[PDB]
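From first to last, the protein sequence lines are chains A and B. Per the working numbering, residue 21 is the first one in the first sequence, and the count goes up by one each step. Per the working numbering, residue 35 is the first one in the second sequence, and the count goes up by one each step. Cβ coordinates follow ideal geometry from the N, Cα and C atoms, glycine included.
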Amino acid sequence: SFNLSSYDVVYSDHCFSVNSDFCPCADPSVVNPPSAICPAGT
Amino acid sequence: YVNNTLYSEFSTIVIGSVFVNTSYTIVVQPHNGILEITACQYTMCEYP
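As structure tokens, this is what we get:
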């Protein structure tokens with residue numbers, strides 16, 4: 021979902037770089053944080 | 035030299051970042067002397 025108007029130009033402000041191990045959520049067994057199950061590798 | 039016929043074959047190598055569907059995985063593969071150099075958005079699994 022990156023919709024906009026017809027004549028609209030979007031430019032980036034900051035560009036972060038991470039390794040191939042970043043999971044966008046935390047571990048589900050540390051709450052006791054919208055966590056969930058992440059795929060293998062991250 | 036199966037059936038007195040020369041066959042050539044060796045291992046292959048893949049190059050990418052995450053190997054799911056986003057990065058273009060440059061994978062080469064010989065087919066009995068014919069190389070297959072392709073760069074597509076393949077769907078690599080856990081056990082290739």
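Residue i bridges to which residues according to DSSP?
i: residue 10 of chain B; result: The structure shown does not extend to residue 10 of chain B, since chain B is modelled only from 35 to 82, so the question has no answer here.
i: B/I49; result: B/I60
i: B/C74; result: B/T59
Going by C-alpha to C-alpha distance, which of the options sits closest to residue i?
i: B/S45; options: B/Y58, B/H65, B/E80; result: B/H65
i: B/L69; options: B/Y35, B/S42, B/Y58, B/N37; result: B/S42
i: B/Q63; options: B/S57, B/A73, B/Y35; result: B/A73
i: A/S32; options: A/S26, A/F22, A/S40, A/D41; result: A/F22
i: A/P59; options: A/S25, A/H34, A/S40, A/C35; result: A/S40
i: A/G61; options: B/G67, B/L40, B/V54; result: B/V54
i: B/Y76; options: B/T59, B/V36, B/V48; result: B/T59
i: A/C45; options: A/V38, A/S25, A/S55; result: A/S55
If you reduce the DSSP assignment to three classes, tell me which class residue i lands in.
i: B/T59; result: strand
i: B/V36; result: strand
Name the chain E residues whose beta carbon is nearer than 9 Å to that of residue i?
i: A/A60; result: Here chain E cannot be found, since the structure's protein chains are A and B.
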